[PDB]
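Student: enclosed are the sequence and the experimentally obtained structure.
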Amino acid sequence: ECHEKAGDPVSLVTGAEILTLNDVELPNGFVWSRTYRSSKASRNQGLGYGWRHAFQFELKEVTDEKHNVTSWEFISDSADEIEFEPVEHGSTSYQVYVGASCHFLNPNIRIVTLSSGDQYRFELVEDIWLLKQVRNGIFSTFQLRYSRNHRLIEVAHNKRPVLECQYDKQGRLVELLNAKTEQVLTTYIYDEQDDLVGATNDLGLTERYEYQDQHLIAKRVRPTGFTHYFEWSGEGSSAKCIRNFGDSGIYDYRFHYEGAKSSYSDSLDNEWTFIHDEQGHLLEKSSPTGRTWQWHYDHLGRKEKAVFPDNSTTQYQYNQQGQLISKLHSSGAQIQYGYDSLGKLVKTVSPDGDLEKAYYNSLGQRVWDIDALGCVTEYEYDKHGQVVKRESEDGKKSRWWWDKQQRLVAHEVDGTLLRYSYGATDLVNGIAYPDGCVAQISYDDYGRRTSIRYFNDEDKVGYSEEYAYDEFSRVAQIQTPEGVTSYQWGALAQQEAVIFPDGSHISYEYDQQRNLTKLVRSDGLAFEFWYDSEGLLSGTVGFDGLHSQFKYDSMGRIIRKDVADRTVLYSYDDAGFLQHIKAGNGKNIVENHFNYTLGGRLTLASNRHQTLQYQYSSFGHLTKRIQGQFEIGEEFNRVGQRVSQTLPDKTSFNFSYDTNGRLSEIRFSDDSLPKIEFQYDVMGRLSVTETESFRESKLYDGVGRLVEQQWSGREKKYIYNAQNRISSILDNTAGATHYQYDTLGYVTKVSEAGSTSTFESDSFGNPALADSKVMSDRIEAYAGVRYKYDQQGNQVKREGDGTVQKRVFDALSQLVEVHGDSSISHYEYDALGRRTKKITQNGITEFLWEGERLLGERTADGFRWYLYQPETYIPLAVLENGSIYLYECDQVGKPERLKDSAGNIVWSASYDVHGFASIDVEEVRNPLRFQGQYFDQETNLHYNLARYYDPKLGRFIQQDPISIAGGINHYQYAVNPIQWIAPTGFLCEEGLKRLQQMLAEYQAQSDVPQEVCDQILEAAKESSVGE
């Protein structure tokens, strides 16, 4: 038995049907669900026959005729029973092969700690044990109260009631109140028979249920529609449900029994086999493709060994207490857990040798937390049992404030101290930031968010955002200052269509089993998907072809891509990691080599051009980077911070942190270079950079947008339009630039001098100039330049004004050579996909990488290192020939000015709208154009991390391996290069991130849904492997 689309996973071979539905959900951790069970559907308590809410716990005490108890029965959801033996006071039961325990604190207090991590504190009143505490999480608890009659009412959230039960005089519940501005939420409906028939949700949704003859579910009708039918072949609790009819996306679900095995059909003619023993123990599970899972028990009720489809075994080892002690994998490492006398997880050992432990108080509070890297965290609770401090080592201590109503009044992380304010109900309507900004939220009468309005005093800045929902439960329209966006769902949360401004529409066509089949745009181009019998992506077709194969393994891992020209031939370590990659295109082999240890920490990535060996000392932190003939060390502190990074040039600059755990001082070891100091803002943003000869200060209007920059001799101001876009840039050194955009985010025209520039484009980023010529998505002619592509979709030939340039790549779609008129260049890449050596006519250039960003280079004239911001890719204070040169970057991070510590500027340049830089004063070269971009002059290109960007055309010259998961346009760099940085190539984002942007709700729409996006990301491992 297993999961099916027309219901819930089956819990018994006899055909026990389960149905879990959530009635109400609160956005603070509260939920009210219900569970139905076809088996044992002859008892009625609370709801109808078989229905049970999540707060029904009895803990009965079984008695016999001899006036002896000898048994305590604990009943949980889905009719699960556990038997505990009677013990004396101050002792526990230590139940076997279930992993539970029954602690007896006092004669009226019991604690039932299950294997999940709950406590279930029960209290005796006169003769029966009623549930009083749940403690389903670390901070989420549930308090229960009872009246003179034994009925559950007044459910609370750790201090305060948020729901009711409103029991009826008949003996059931019909309506659920709110205990605060009382209003109907569920209004259960009952017929003359004792069985749940109608739901009648608060928003008007009515879900009907009809039982055939014996309170067994025969049909169910959702409020939107797509009813589901049921048929049975037995009587009573021994009835086997067969032929589960579906109507939304499924149309066939057959179940066949044979007494010893069970076969399950599907709507795509796919059957799974299940073979059980004489009991409910699952022995074998067979897939229609050939994958077989096997289980072997220890003749005690618990599992002992598991066998996967591949030739591997996983064994378990318990103790005399019935808890899981160790789990060992075949030809690998093992995991070891350790519990306390109560039965909660207290210690866990990782396969890499890093232990994680904690401590639980006598009231369930967790204190003295220690992570894997090593950090003592001290928890502090108030009189009401809520964390107030959560203090770690070296700052990183939060602060929480509560009122008489025990509501979140103030929360602090690193010094923000933002305040919250609630309205007339238990919902926060106002947020006050320490910079003066105030964000108000306006809701509707159904408790949903409708409007958000930001406003700041003494500056007159702010905007608004609005949302409009659909008929039943979905979002229909979102109105932002940029524009309006509409959505159309397929009555099953599928979003059949999305509508973007300027008349843009994207349609999604699904198929059976609810799989994304086709994505159609407005111009007729379609992206097609094809799945196999296993539900995985078996093929993809882009807007211009590019067929794929996507071969998988017996465990669910991709083996080869084979996208119409070249396979990758992935080879795994046979333990859970990648080992080898061999790609080929026209007699071109790369032969990458990967080595991994038990639990990560590869420490090795071998290639034909590099070695890339790493070293770890202790606590799981890296301490040595050995790249080719270069060695970089580290001096990680006992608290986890890193200081005194040693370089092969014997520089070894030291770091010094301050309160709240932030970088505050950088002191070189040369004893001749001055130190650079940083000063952050109350909001947590870097504001001042101070040095004896360089003072930089960036200001903010009070909302989170950068407005003014000063460098003690030069000032830059930015003026935004009504659409929250950079409109005017005024530099103190005789400069005024104005931008004008279209209805979308693209730029239409720019004016910087007596001459102006104009651009035209459609709603998909393609150029719409008078001389632009594109076939489907690639540019064939632009500004008199002819581009000749290949079968893959990469710029191969470029014909400009009397100049022809050819480009040749490798089998990994990486540019390896470029031929021109008199300049032939070659490039070398390592196993991580980064450029390590450049061979040109000028000389040999070597690059050193530190993670994802570049760190220094060697141009055969000495050593020069590049420094960046603490947590930003903006370069600053480059070190060369024992001299520090300070940079001056704009709001995007493009270095335009560079000056030594003497008062005179040594490098000056100016950038255009397309990213090209015209240099006028050049004494010290600066090949950095954007954040993480390297500028090649011999080819006049930009290289972020794996792709070449063209500053003249304004977009990349090749498609990324996650093009479908990145955006609708495979060549678009960004919608506008004024507010987007897009580091490391793909995955563009905003350059400046504001804290107020976290309050806005999710857009609930993407270019590709999460499932297909994850399936695409997992299918491309050659570009996602790192450290």
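Tutor: Everything's here; your move. Residues are numbered from 1 along each chain as shown.
Student: chain neighbours aside, what residue packs nearest to residue 627?
Tutor: Using CB to CB, 6 or more residues apart in numbering and skipping the chain neighbours, the partner closest in space to residue 627 is residue 612 (6.1 Å). No exception for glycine: its C-beta is placed from N, CA and C like everyone else's.
Student: that neighbour contacts residue 605, doesn't it?
Tutor: Yes. The criterion here is CB atoms under 8 Å, and residue 612 meets it with residue 605 at 4.0 Å.
Student: touching both of those two, which residues are there?
Tutor: Both residue 612 and residue 605 are in contact with 830, 831, 832, where contact means CB atoms under 8 Å, 6 or more residues apart in numbering.
Student: what's near enough to touch the nearest residue to the first one once chain neighbours are set aside?
Tutor: In this structure, residue 830 finds its nearest non-sequential neighbour in residue 610, 4.0 Å apart by CB to CB, 6+ apart. Residue 610 makes contact with 627, 628, 830, 831, 836 under the criterion CB under 8 Å, 6+ apart.
Student: can you give me the neighbour number for the nearest residue to residue 568 once chain neighbours are set aside?
Tutor: Once flanking residues are discounted, residue 568 sits nearest to residue 561: 4.6 Å by CB to CB, 6+ apart. Using other CB atoms under 10 Å, the number of residues around residue 561 comes to 22.
Student: who's in contact with residue 561?
Tutor: 548, 549, 550, 567, 568, 1019, 1020.
Student: neighbour-wise, which of those residues leads?
Tutor: Highest neighbour count within those: residue 568, with 24 neighbours (other CB under 10 Å).
Student: which element is that one on?
Tutor: Counting by DSSP states H and E, there is no helix or strand that carries residue 568.
Student: contacts only, for it.
Tutor: 560, 561, 562, 581, 582, 583, 1022.
Student: what do you get for residue 562?
Tutor: 548, 549, 550, 551, 568.
Student: mind listing what's buried along stretch 941-961?
Tutor: 941-951, 953-961 (16 or more other CB atoms under 10 Å).
Student: what do you get for stretch 739-752?
Tutor: Using 16+ other CB under 10 Å as the test for burial, stretch 739-752 gives 739, 741, 744, 745, 746, 747, 750, 752.
Student: ok so, going back, filter the contacts of residue 568 down to the buried ones.
Tutor: Going by neighbour count (16+ other CB under 10 Å), those have 560, 561, 581, 582, 583, 1022 buried.
Student: please narrow the contacts of residue 568 to those residing in strands.
Tutor: Among those, DSSP state E puts 560, 581 in strands.
Student: go through the contacts of residue 568 and say which is closest to residue 542.
Tutor: Using CB to CB, residue 561 is the member of those that sits closest to residue 542, with 13.6 Å.
Student: by residue count, what's the longest helix in this protein?
Tutor: Taking DSSP state H as the criterion, the chain has its longest helix at helix 1010-1019.
Student: with just CA atoms, put that one into CSV.
Tutor: Output of helix 1010-1019 as CSV, limited to C-alpha atoms (Å, rounded to 0.1, in the frame of the first residue of the first chain):
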residue,chain,number,x,y,z
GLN,A,1010,9.4,24.7,-8.1
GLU,A,1011,9.2,21.1,-9.1
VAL,A,1012,10.4,21.5,-12.7
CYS,A,1013,13.0,24.0,-11.5
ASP,A,1014,14.4,21.5,-9.0
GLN,A,1015,14.3,18.8,-11.6
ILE,A,1016,16.3,21.0,-14.0
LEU,A,1017,18.8,22.0,-11.3
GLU,A,1018,19.4,18.4,-10.3
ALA,A,1019,20.0,17.5,-14.0
